[PDB]
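Trainee: Next up is a structure, given as structure tokens.
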Amino acid sequence: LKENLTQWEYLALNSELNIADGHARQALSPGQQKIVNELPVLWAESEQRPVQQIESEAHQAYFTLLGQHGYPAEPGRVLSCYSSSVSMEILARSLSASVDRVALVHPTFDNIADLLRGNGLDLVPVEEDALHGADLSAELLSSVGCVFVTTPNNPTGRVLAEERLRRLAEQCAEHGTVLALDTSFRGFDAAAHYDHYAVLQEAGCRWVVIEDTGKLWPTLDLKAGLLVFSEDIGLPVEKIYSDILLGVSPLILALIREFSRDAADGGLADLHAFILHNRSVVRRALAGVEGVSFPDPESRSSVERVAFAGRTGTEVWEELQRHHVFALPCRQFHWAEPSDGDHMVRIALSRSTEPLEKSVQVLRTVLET
Amino acid sequence: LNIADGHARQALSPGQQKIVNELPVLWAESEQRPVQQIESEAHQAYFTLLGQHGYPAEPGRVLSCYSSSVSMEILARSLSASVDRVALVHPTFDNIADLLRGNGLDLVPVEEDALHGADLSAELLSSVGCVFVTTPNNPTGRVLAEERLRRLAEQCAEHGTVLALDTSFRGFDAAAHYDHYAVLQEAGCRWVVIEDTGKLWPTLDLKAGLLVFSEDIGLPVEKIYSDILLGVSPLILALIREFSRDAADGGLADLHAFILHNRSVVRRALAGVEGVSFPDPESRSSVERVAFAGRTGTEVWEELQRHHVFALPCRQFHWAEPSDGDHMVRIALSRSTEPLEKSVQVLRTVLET
Ligand SMILES: N=C(N)NC[C@@H](O)CC(=O)C(=O)O
Ligand SMILES: [Cl-]
């Protein structure tokens with residue numbers, strides 16, 4: 001009855017022990033609270049300055065924070081959207097104008113697949129081992145109009161390394177294929193902070209990148225998706241963007257600018273240490289629980305998969321919920337073969353440590369019948 | 001300056017500035033309380049402010065979207081599997097036509113005098129899967145009266161047709177504050193209403209579209225909504241709640257007087273100019289059409305742009321027959337009175353030369 005992962009996440013939104021959706025819900029740091037305290041000043045700034053200047057500063061702050069120095073800074077090359085999923089809707093409807101089939105990393109966050117399928121795109125799954133480990137086949141590339149990679153991936157944290165991004169972009173250029181990247185989790189893993197735009201521009205393929213500010217910081221879902229495209233993208237992303245929105249709030253762009261600057265001043269290192277700490281409490285709690293393992297030992301992302309022998313993630317979820325703890329079954333990240341995720345759940349790490357600790361102690365008991 | 005887009009850009013009232021000064025408190029509330037409570041309170045405040053007492057208050061029946069256009073994208077995509085043709089009021093907000101067409105729907109225009117003045121024909125209704133009405137209409141301000149909404153809903157029920165309403169301008173016109181949901185539920189057609197908080201108040205485009213649907217809508221609106229978002233920011237919902245409460249305490253009356261004053265400024269400025277008329281004398285909406293014989297709205301737009309004034313030509317609103325609008329421009333009234341007056345003074349000079 002839960003048609004997708006988001007519908008599993010609705011069930012948790014109002015619970016104290018929500019460890020389901022991946023949004024950031026931990027406490028603000030002192031530096032971030034200082035930003036919140038200045039919201040009336042930022043409001044006045046947003047009333048008084050041209051939105052284009054605030055937007056340009058927000059983009060410069062966010063891209064540079066995360067190593068993306070070669071981003072196209074000319075006005076109009078970065079389209080600020082209400083969310084990364086709104087960017088994805090724009091991209092999907094734009095692709096449907098000239099593309100029939102898309103190669104998509106599998107597993108990945110399921111709304112990517114659902115927005116593409118919903119706009120009439122046929123999907124070809126590419127497992128992570130194939131994507132990272134070998135060139136894509138000429139047969140595949142000649143059969144799709146777009147290759148779509150989430151990096152760092154959600155839910156696995158796997159990062160597309162620079163040498164493979166380079167080869168994939170060269171392959172897409174050689175075939176005339178669009179290379180599309182979803183980089184929502186970029187800020188969590190320094191392995192993703194090499195300059196992706198330099199790689200894409202050097203290879204000269206058609207490309208689109210959807211950045212997302214929303215997952216990094218606890219901003220009450222005040223965020224933007226940033227839809228960045230090559231000059232030769234040859235899809236109607238600008239026209240469809242303008243059918244959906246004029247732009248995002250200057251106050252949100254001002255907030256992104258300020259949170260990005262705080263992150264550059266030491267906040268990002270603190271965030272990495274916080275996520276590492278919370279990952280450690282999860283793994284320590286589910287330590288010698290017979291049948292438990294962690295499929296992504298090297299992940300640095302803000303979500304964590306846990307596997308179990310002998311039960312399904314749906315059953316674990318239901319016993320958890322009877323204790324008012326809400327996690328996420330993994331089936332639906334495996335959008336081409338949901339049974340691949342039948343023995344995993346996903347835990348959200350962007351949470352205050354104390355309710356996270358409480359939730360995984362409950363999971364430890366459940367997982368011990 | 002900008003008298004083009006319809007968004008609210010006037011200064012905050014003192015009551016609204018107090019809300020903004022307390023944003024850090026609203027932030028703490030949004031961290032601490034269940035979003036569902038904040039959302040229910042925001043919906044209750046907004047629907048009750050505007051007379052919509054019968055709205056479905058059960059959680060999940062009102063879907064909070066980033067914007068009304070996001071709601072419209074959801075609706076357009078949701079229609080596309082089962083509906084080939086949509087009857088759409090003409091003229092209207094051109095984004096609605098472009099979102100419907102972009103999702104594969106063919107459009108049939110319904111002129112305003114036909115929509116308001118008589119029942120729709122069986123031929124039309126049996127040939128479309130959805131009838132879409134913007135009320136109060138943008139750009140004309142024309143309000144669908146209760147008796148006509150009831151008949152239109154009854155006719156859509158009789159023909160198995162979805163009735164969809166876009167009510168973004170609702171807050172500006174008390175004629176649109178009769179309870180639309182009571183009518184829709186009593187008629188028993190499949191229906192969707194897209195409310196919008198965005199155009200009423202100068203909130204720096206912090207807003208929500210509210211996608212409301214009948215239990216039997218029979219379209220994948222909930223599924224496609226969940227493909228796009230988990231929900232809107234609790235801070236924005238809290239802001240909507242507070243601005244709605246301020247409006248209920250006298251702010252809405254002040255807004256109506258402010259819009260009336262700015263409408264009066266525009267008309268007094270242009271009253272005597274040869275060839276100028278106002279096609280919508282009873283409109284209370286936050287945009288104003290100005291008609292003028294002798295020039296095209298495109299030519300007038302061009303001339304204003306030379307003097308650094310940005311209005312809108314009306315062609316685009318006549319999405320089925322753009323020439324229907326090339327003797328009109330549209331002026332935005334949700335502006336501080338001083339820059340509006342400056343803009344209209346340039347327009348008067350342009351029209352007198
Ligand atoms: N359809 C959408 N947009 N769902 C919300 C999204 O933020 C969930 C997600 O990606 C996660 O929990 O990791
Ligand atoms: Cl408008």
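In the structure tokens, chains take the letters A, B, ... in the order shown, each chain's residues start at 1, and ligands count up from 1 in the order shown.
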Residues contacting ligand 1 - anything with an atom at most 7 Å away, using only C-alpha atoms and all ligand atoms - can you give me those as an mmCIF file with N, CA, C and O atoms, in the first residue's frame?

Mentor:
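Below is the file that was written, result02.cif:
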```
data_model
loop_
_atom_site.group_PDB
_atom_site.id
_atom_site.type_symbol
_atom_site.label_atom_id
_atom_site.label_comp_id
_atom_site.auth_asym_id
_atom_site.auth_seq_id
_atom_site.Cartn_x
_atom_site.Cartn_y
_atom_site.Cartn_z
ATOM 1 N N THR A 6 8.817 7.534 -0.580
ATOM 2 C CA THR A 6 8.283 8.743 0.038
ATOM 3 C C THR A 6 7.027 8.437 0.848
ATOM 4 O O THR A 6 6.813 9.016 1.918
ATOM 5 N N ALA A 20 13.739 7.668 9.130
ATOM 6 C CA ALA A 20 13.340 7.256 7.797
ATOM 7 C C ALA A 20 13.827 8.236 6.732
ATOM 8 O O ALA A 20 14.768 7.927 5.991
ATOM 9 N N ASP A 21 13.190 9.400 6.610
ATOM 10 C CA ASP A 21 13.560 10.260 5.494
ATOM 11 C C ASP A 21 14.968 10.809 5.702
ATOM 12 O O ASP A 21 15.477 10.913 6.823
ATOM 13 N N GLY A 22 15.598 11.158 4.598
ATOM 14 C CA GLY A 22 16.994 11.514 4.673
ATOM 15 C C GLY A 22 17.278 12.958 4.968
ATOM 16 O O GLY A 22 18.453 13.328 5.062
ATOM 17 N N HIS A 23 16.242 13.780 5.151
ATOM 18 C CA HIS A 23 16.436 15.193 5.411
ATOM 19 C C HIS A 23 17.210 15.397 6.710
ATOM 20 O O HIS A 23 17.241 14.534 7.595
ATOM 21 N N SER A 85 14.014 17.469 -6.768
ATOM 22 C CA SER A 85 12.981 16.727 -7.498
ATOM 23 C C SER A 85 12.246 17.596 -8.514
ATOM 24 O O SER A 85 11.837 17.085 -9.562
ATOM 25 N N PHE A 109 17.760 6.466 -5.427
ATOM 26 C CA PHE A 109 16.568 7.048 -4.821
ATOM 27 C C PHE A 109 15.403 6.954 -5.812
ATOM 28 O O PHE A 109 15.538 7.337 -6.981
ATOM 29 N N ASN A 111 12.577 8.195 -6.574
ATOM 30 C CA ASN A 111 11.768 9.154 -7.296
ATOM 31 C C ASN A 111 12.448 9.564 -8.603
ATOM 32 O O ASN A 111 11.747 9.983 -9.529
ATOM 33 N N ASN A 154 22.592 7.468 -3.430
ATOM 34 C CA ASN A 154 21.600 7.257 -2.372
ATOM 35 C C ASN A 154 20.893 5.988 -2.787
ATOM 36 O O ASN A 154 20.201 5.997 -3.812
ATOM 37 N N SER B 226 3.669 12.552 -4.441
ATOM 38 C CA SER B 226 4.696 11.889 -3.653
ATOM 39 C C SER B 226 5.965 11.582 -4.460
ATOM 40 O O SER B 226 7.040 11.447 -3.870
ATOM 41 N N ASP B 227 5.876 11.501 -5.782
ATOM 42 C CA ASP B 227 7.077 11.436 -6.613
ATOM 43 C C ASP B 227 7.867 12.741 -6.583
ATOM 44 O O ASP B 227 9.106 12.730 -6.732
ATOM 45 N N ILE B 228 7.191 13.861 -6.372
ATOM 46 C CA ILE B 228 7.848 15.156 -6.429
ATOM 47 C C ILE B 228 8.279 15.632 -5.054
ATOM 48 O O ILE B 228 9.368 16.184 -4.932
ATOM 49 N N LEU B 229 7.470 15.464 -3.997
ATOM 50 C CA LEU B 229 7.915 16.012 -2.713
ATOM 51 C C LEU B 229 7.303 15.286 -1.516
ATOM 52 O O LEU B 229 6.236 14.662 -1.593
ATOM 53 N N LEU B 230 8.038 15.386 -0.405
ATOM 54 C CA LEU B 230 7.633 14.896 0.908
ATOM 55 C C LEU B 230 6.679 15.876 1.584
ATOM 56 O O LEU B 230 5.904 15.480 2.466
#
```

Trainee: Write out as a ChimeraX atom specification which residues come within 7 Å of residue 302 (chain A) when counting only C-alpha atoms, dropping same-chain ones fewer than 6 positions away.

Mentor: /A:275,348-350

Trainee: Which residues are near ligand 2 in this structure, taking near to mean any atom at most 8 Å from a ligand atom and counting only C-alpha atoms and all ligand atoms? Format them as a PyMOL selection string.

Mentor: chain B and resi 4-7+93+138-139+287+332

Trainee: I'd like the neighbourhood of residue 135 (chain B) as number ranges by chain, where a residue qualifies if any of its atoms comes within 12 Å (using only C-alpha atoms), though same-chain residues fewer than 2 positions away should be ignored.

Mentor: B: 88-93, 112, 115-116, 132-133, 137-146, 148-149, 164-177, 180, 193-196, 283-285

Trainee: Taking into account only C-alpha atoms, which residue in the set A:57, A:243, A:182, A:258 is nearest to chain B?

Mentor: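 Closest to chain B, using only C-alpha atoms: A:243.
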
Trainee: Given the choices A:69, A:186, A:49, A:334, which gets closest to chain B if the distance is worked out from only C-alpha atoms?

Mentor: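 With only C-alpha atoms as the atom set, the closest residue is A:49.
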
Trainee: Distance CA of residue 147 (chain A)-CA of residue 3 (chain A), one decimal place?

Mentor: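 One can read the CA of residue 147 (chain A) to CA of residue 3 (chain A) distance as 25.2 Å.
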
Trainee: Taking only C-alpha atoms into account and nothing else, which residues of chain A lie no more than 8 Å away from chain B? Please answer as number ranges by chain.

Mentor: A: 3-4, 6-7, 9-10, 13-15, 25, 36-40, 43, 46-47, 82, 85-86, 89, 111, 114-115, 220-222, 243-245, 248-251

Trainee: Now that the selection is made, can you save its residues with C-alpha atoms as a CSV table (one decimal), in the first residue's frame?

Mentor:
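The resulting again.csv:
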```csv
chain,number,residue,atom,x,y,z
A,3,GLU,CA,3.7,2.9,-3.5
A,4,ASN,CA,7.1,4.4,-3.2
A,6,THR,CA,8.3,8.7,0.0
A,7,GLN,CA,5.0,7.2,1.1
A,9,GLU,CA,8.5,8.4,4.8
A,10,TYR,CA,5.1,10.1,5.4
A,13,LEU,CA,7.2,12.6,9.7
A,14,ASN,CA,5.4,13.3,13.0
A,15,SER,CA,7.2,10.7,15.1
A,25,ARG,CA,16.8,17.1,11.4
A,36,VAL,CA,18.6,31.9,12.0
A,37,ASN,CA,18.7,34.7,14.6
A,38,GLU,CA,19.5,37.1,11.7
A,39,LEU,CA,16.6,36.0,9.5
A,40,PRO,CA,14.9,39.5,9.9
A,43,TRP,CA,14.6,39.4,5.0
A,46,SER,CA,16.1,40.2,0.2
A,47,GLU,CA,13.6,43.1,-0.1
A,82,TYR,CA,12.3,24.7,-5.4
A,85,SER,CA,13.0,16.7,-7.5
A,86,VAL,CA,11.5,19.8,-9.3
A,89,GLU,CA,10.8,16.8,-13.2
A,111,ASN,CA,11.8,9.2,-7.3
A,114,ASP,CA,9.5,7.3,-11.0
A,115,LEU,CA,9.8,10.8,-12.5
A,220,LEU,CA,13.6,22.9,7.8
A,221,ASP,CA,13.5,21.9,4.1
A,222,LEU,CA,14.4,25.4,3.0
A,243,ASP,CA,6.7,27.1,-17.3
A,244,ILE,CA,7.0,25.9,-13.7
A,245,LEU,CA,8.6,28.9,-11.9
A,248,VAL,CA,13.2,30.8,-5.9
A,249,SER,CA,12.8,33.0,-2.9
A,250,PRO,CA,15.7,35.5,-2.3
A,251,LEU,CA,15.5,34.6,1.4
```

Trainee: Residues at most 8 Å from residue 312 (chain B), counting only C-alpha atoms, excluding those fewer than 2 positions away in the same chain, as a list in words?

Mentor: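 Near residue 312 (chain B), the qualifying residues are residues 3, 4, 5, 297, 301, 310, 314, 329, 330 and 331 of chain B.
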
Trainee: Those same residues - N, CA and C atoms - I'd like them written as a compact mmCIF listing (two decimals), in the first residue's frame.

Mentor:
```
# COMPACT_ATOMS: atom_id res chain seq x y z
N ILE B 3 6.25 46.52 -13.20
CA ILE B 3 4.82 46.38 -12.96
C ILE B 3 4.31 45.23 -13.83
N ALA B 4 5.13 44.19 -13.95
CA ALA B 4 4.84 43.09 -14.84
C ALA B 4 4.31 41.88 -14.08
N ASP B 5 5.16 41.16 -13.36
CA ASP B 5 4.67 39.94 -12.73
C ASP B 5 3.74 40.27 -11.57
N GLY B 297 -0.62 46.41 -27.69
CA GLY B 297 0.03 46.27 -26.40
C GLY B 297 1.50 45.94 -26.54
N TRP B 301 4.25 48.15 -24.87
CA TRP B 301 5.26 47.48 -24.07
C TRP B 301 6.66 47.89 -24.49
N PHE B 310 8.50 48.19 -17.04
CA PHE B 310 8.22 46.85 -17.53
C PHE B 310 6.82 46.43 -17.13
N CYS B 314 -0.86 41.79 -23.45
CA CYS B 314 -1.90 40.83 -23.09
C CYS B 314 -2.02 39.65 -24.05
N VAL B 329 -2.67 45.98 -22.40
CA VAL B 329 -1.55 45.63 -21.52
C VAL B 329 -2.11 45.33 -20.13
N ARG B 330 -1.30 44.64 -19.32
CA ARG B 330 -1.65 44.34 -17.95
C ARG B 330 -0.64 44.99 -17.01
N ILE B 331 -1.15 45.55 -15.91
CA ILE B 331 -0.37 46.26 -14.91
C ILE B 331 -0.51 45.54 -13.58
```

Trainee: So what do you get for CA of residue 52 (chain A) versus CA of residue 238 (chain A), distance-wise?

Mentor: 16.6 Å

Trainee: Run DSSP on the backbone and grab whatever in region 205-268 of chain A lands in alpha helix (DSSP H); send it over as a PyMOL selection string.

Mentor: chain A and resi 237-244+250-262+268

Trainee: Using only C-alpha atoms, which residues sit within 8 Å of region 159-163 of chain B once same-chain residues fewer than 5 positions away are excluded, as number ranges by chain?

Mentor: B: 125-126, 128-133, 153, 189-192, 217

Trainee: Contacts of residue 260 (chain B) at 12 Å or less, counting only C-alpha atoms, minus same-chain residues fewer than 3 places along, as JSON, numbers by chain?

Mentor: {"B": [172, 173, 253, 254, 255, 256, 257, 263, 264, 265, 266, 267, 268, 281, 282, 283, 284, 285, 286, 287, 288, 333, 334, 337]}

Trainee: Take CA of residue 70 (chain A) and CA of residue 201 (chain A) and report the distance between them in Å, one decimal.

Mentor: 8.6 Å

Trainee: Pick out the residues sitting within 9 Å of residue 177 (chain A), and hand them over as a PyMOL selection string; count only C-alpha atoms, and ignore anything fewer than 2 positions along from it in its own chain.

Mentor: chain A and resi 141-142+144-147+169+171-175+179+205-207

Trainee: Can I get the selected residues back with N, CA and C atoms, as a PDB file, in the first residue's frame?

Mentor:
```
ATOM      1  N   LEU A 141      25.104   2.193 -25.068  1.00  0.00           N
ATOM      2  CA  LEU A 141      25.166   3.626 -25.330  1.00  0.00           C
ATOM      3  C   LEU A 141      24.411   3.983 -26.600  1.00  0.00           C
ATOM      4  N   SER A 142      24.421   3.095 -27.584  1.00  0.00           N
ATOM      5  CA  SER A 142      23.688   3.341 -28.818  1.00  0.00           C
ATOM      6  C   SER A 142      22.190   3.135 -28.656  1.00  0.00           C
ATOM      7  N   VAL A 144      20.469   4.219 -25.674  1.00  0.00           N
ATOM      8  CA  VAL A 144      19.881   5.179 -24.749  1.00  0.00           C
ATOM      9  C   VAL A 144      20.282   6.586 -25.169  1.00  0.00           C
ATOM     10  N   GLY A 145      19.480   7.555 -24.739  1.00  0.00           N
ATOM     11  CA  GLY A 145      19.754   8.947 -25.040  1.00  0.00           C
ATOM     12  C   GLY A 145      20.389   9.698 -23.887  1.00  0.00           C
ATOM     13  N   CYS A 146      20.442   9.050 -22.720  1.00  0.00           N
ATOM     14  CA  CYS A 146      20.911   9.666 -21.485  1.00  0.00           C
ATOM     15  C   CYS A 146      21.387   8.554 -20.573  1.00  0.00           C
ATOM     16  N   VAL A 147      22.492   8.822 -19.892  1.00  0.00           N
ATOM     17  CA  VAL A 147      23.006   8.007 -18.791  1.00  0.00           C
ATOM     18  C   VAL A 147      22.893   8.869 -17.554  1.00  0.00           C
ATOM     19  N   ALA A 169      32.052  10.413 -19.378  1.00  0.00           N
ATOM     20  CA  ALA A 169      31.779  11.608 -20.165  1.00  0.00           C
ATOM     21  C   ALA A 169      32.389  11.506 -21.565  1.00  0.00           C
ATOM     22  N   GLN A 171      32.788   8.661 -23.223  1.00  0.00           N
ATOM     23  CA  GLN A 171      31.898   7.735 -23.919  1.00  0.00           C
ATOM     24  C   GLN A 171      30.618   8.429 -24.373  1.00  0.00           C
ATOM     25  N   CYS A 172      30.015   9.256 -23.501  1.00  0.00           N
ATOM     26  CA  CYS A 172      28.791   9.961 -23.864  1.00  0.00           C
ATOM     27  C   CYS A 172      29.057  10.928 -25.005  1.00  0.00           C
ATOM     28  N   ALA A 173      30.188  11.637 -24.957  1.00  0.00           N
ATOM     29  CA  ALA A 173      30.548  12.526 -26.062  1.00  0.00           C
ATOM     30  C   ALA A 173      30.703  11.763 -27.367  1.00  0.00           C
ATOM     31  N   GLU A 174      31.401  10.626 -27.317  1.00  0.00           N
ATOM     32  CA  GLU A 174      31.632   9.826 -28.519  1.00  0.00           C
ATOM     33  C   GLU A 174      30.317   9.367 -29.140  1.00  0.00           C
ATOM     34  N   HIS A 175      29.297   9.118 -28.318  1.00  0.00           N
ATOM     35  CA  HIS A 175      27.999   8.629 -28.778  1.00  0.00           C
ATOM     36  C   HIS A 175      26.912   9.703 -28.889  1.00  0.00           C
ATOM     37  N   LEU A 179      24.931  13.030 -20.465  1.00  0.00           N
ATOM     38  CA  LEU A 179      25.348  12.539 -19.150  1.00  0.00           C
ATOM     39  C   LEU A 179      24.695  13.423 -18.091  1.00  0.00           C
ATOM     40  N   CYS A 205      30.990  16.384 -23.630  1.00  0.00           N
ATOM     41  CA  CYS A 205      29.688  15.770 -23.819  1.00  0.00           C
ATOM     42  C   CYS A 205      28.570  16.755 -23.466  1.00  0.00           C
ATOM     43  N   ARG A 206      27.368  16.416 -23.903  1.00  0.00           N
ATOM     44  CA  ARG A 206      26.174  17.085 -23.407  1.00  0.00           C
ATOM     45  C   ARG A 206      25.960  16.625 -21.987  1.00  0.00           C
ATOM     46  N   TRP A 207      25.686  17.562 -21.075  1.00  0.00           N
ATOM     47  CA  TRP A 207      25.575  17.173 -19.680  1.00  0.00           C
ATOM     48  C   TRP A 207      24.593  18.046 -18.915  1.00  0.00           C
TER      49      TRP A 207
END
```

Trainee: Got a sec to tell me which of region 107-204 of chain B DSSP assigns to strand (DSSP E or B), as a list in words?

Mentor: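 Answer for region 107-204 of chain B restricted to strand (DSSP E or B) is residues 107, 108, 109, 110, 111, 130, 131, 132, 133, 134, 162, 163, 164, 165, 166, 191, 192, 193, 194, 195 and 196 of chain B.
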
Trainee: Could you dump the residues just selected with C-alpha atoms as a CSV table (one decimal), in the first residue's frame?

Mentor:
```csv
chain,number,residue,atom,x,y,z
B,107,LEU,CA,-7.0,22.5,-25.2
B,108,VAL,CA,-10.5,23.8,-26.1
B,109,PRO,CA,-11.1,27.5,-25.2
B,110,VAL,CA,-14.2,28.6,-23.5
B,111,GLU,CA,-14.8,32.4,-23.6
B,130,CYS,CA,-11.7,18.1,-17.7
B,131,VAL,CA,-13.1,21.6,-17.5
B,132,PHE,CA,-10.6,24.1,-16.0
B,133,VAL,CA,-11.6,27.5,-14.6
B,134,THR,CA,-9.4,30.2,-13.0
B,162,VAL,CA,-13.3,16.5,-14.0
B,163,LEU,CA,-13.9,20.1,-12.8
B,164,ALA,CA,-10.7,21.8,-11.9
B,165,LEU,CA,-10.5,25.3,-10.3
B,166,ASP,CA,-7.5,27.6,-9.9
B,191,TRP,CA,-13.0,17.8,-8.7
B,192,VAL,CA,-9.7,19.4,-8.0
B,193,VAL,CA,-9.0,22.9,-6.6
B,194,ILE,CA,-5.6,24.5,-6.6
B,195,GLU,CA,-5.4,27.2,-3.9
B,196,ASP,CA,-2.4,29.5,-3.8
```

Trainee: Of the candidates A:307, A:286, A:1, A:165, which shows the shortest atom-to-atom distance to residue 192 (chain A), using only C-alpha atoms?

Mentor: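 Smallest separation from residue 192 (chain A) among the options: A:165.
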
Trainee: Quick one: which region 126-197 of chain A residues come within 12 Å of region 98-106 of chain A, and what is the nearest atom pair for each with the distance in Å to one decimal, counting only C-alpha atoms, rows ordered by chain and ascending number, as JSON lines?

Mentor:
```
{"residue": "A:126", "atom": "CA", "partner": "A:105", "partner_atom": "CA", "distance": 4.8}
{"residue": "A:127", "atom": "CA", "partner": "A:106", "partner_atom": "CA", "distance": 5.0}
{"residue": "A:128", "atom": "CA", "partner": "A:105", "partner_atom": "CA", "distance": 6.5}
{"residue": "A:129", "atom": "CA", "partner": "A:106", "partner_atom": "CA", "distance": 9.9}
{"residue": "A:130", "atom": "CA", "partner": "A:105", "partner_atom": "CA", "distance": 9.3}
{"residue": "A:131", "atom": "CA", "partner": "A:105", "partner_atom": "CA", "distance": 7.4}
{"residue": "A:132", "atom": "CA", "partner": "A:105", "partner_atom": "CA", "distance": 10.1}
{"residue": "A:136", "atom": "CA", "partner": "A:103", "partner_atom": "CA", "distance": 9.9}
{"residue": "A:137", "atom": "CA", "partner": "A:103", "partner_atom": "CA", "distance": 11.4}
{"residue": "A:139", "atom": "CA", "partner": "A:103", "partner_atom": "CA", "distance": 11.7}
{"residue": "A:140", "atom": "CA", "partner": "A:103", "partner_atom": "CA", "distance": 8.0}
{"residue": "A:141", "atom": "CA", "partner": "A:103", "partner_atom": "CA", "distance": 8.4}
{"residue": "A:142", "atom": "CA", "partner": "A:101", "partner_atom": "CA", "distance": 10.3}
{"residue": "A:143", "atom": "CA", "partner": "A:101", "partner_atom": "CA", "distance": 7.1}
{"residue": "A:144", "atom": "CA", "partner": "A:101", "partner_atom": "CA", "distance": 4.8}
{"residue": "A:145", "atom": "CA", "partner": "A:99", "partner_atom": "CA", "distance": 5.2}
{"residue": "A:146", "atom": "CA", "partner": "A:102", "partner_atom": "CA", "distance": 4.9}
{"residue": "A:147", "atom": "CA", "partner": "A:103", "partner_atom": "CA", "distance": 4.6}
{"residue": "A:148", "atom": "CA", "partner": "A:104", "partner_atom": "CA", "distance": 4.9}
{"residue": "A:149", "atom": "CA", "partner": "A:105", "partner_atom": "CA", "distance": 5.6}
{"residue": "A:150", "atom": "CA", "partner": "A:105", "partner_atom": "CA", "distance": 7.0}
{"residue": "A:151", "atom": "CA", "partner": "A:105", "partner_atom": "CA", "distance": 9.6}
{"residue": "A:152", "atom": "CA", "partner": "A:105", "partner_atom": "CA", "distance": 11.3}
{"residue": "A:153", "atom": "CA", "partner": "A:105", "partner_atom": "CA", "distance": 8.6}
{"residue": "A:154", "atom": "CA", "partner": "A:106", "partner_atom": "CA", "distance": 9.9}
{"residue": "A:155", "atom": "CA", "partner": "A:106", "partner_atom": "CA", "distance": 10.0}
{"residue": "A:156", "atom": "CA", "partner": "A:106", "partner_atom": "CA", "distance": 10.1}
{"residue": "A:158", "atom": "CA", "partner": "A:105", "partner_atom": "CA", "distance": 10.9}
{"residue": "A:159", "atom": "CA", "partner": "A:105", "partner_atom": "CA", "distance": 11.9}
{"residue": "A:160", "atom": "CA", "partner": "A:105", "partner_atom": "CA", "distance": 11.1}
{"residue": "A:172", "atom": "CA", "partner": "A:103", "partner_atom": "CA", "distance": 11.5}
{"residue": "A:176", "atom": "CA", "partner": "A:99", "partner_atom": "CA", "distance": 11.6}
{"residue": "A:177", "atom": "CA", "partner": "A:99", "partner_atom": "CA", "distance": 9.6}
{"residue": "A:178", "atom": "CA", "partner": "A:102", "partner_atom": "CA", "distance": 9.3}
{"residue": "A:179", "atom": "CA", "partner": "A:103", "partner_atom": "CA", "distance": 9.7}
{"residue": "A:180", "atom": "CA", "partner": "A:104", "partner_atom": "CA", "distance": 9.5}
{"residue": "A:181", "atom": "CA", "partner": "A:104", "partner_atom": "CA", "distance": 10.2}
{"residue": "A:182", "atom": "CA", "partner": "A:105", "partner_atom": "CA", "distance": 10.7}
```
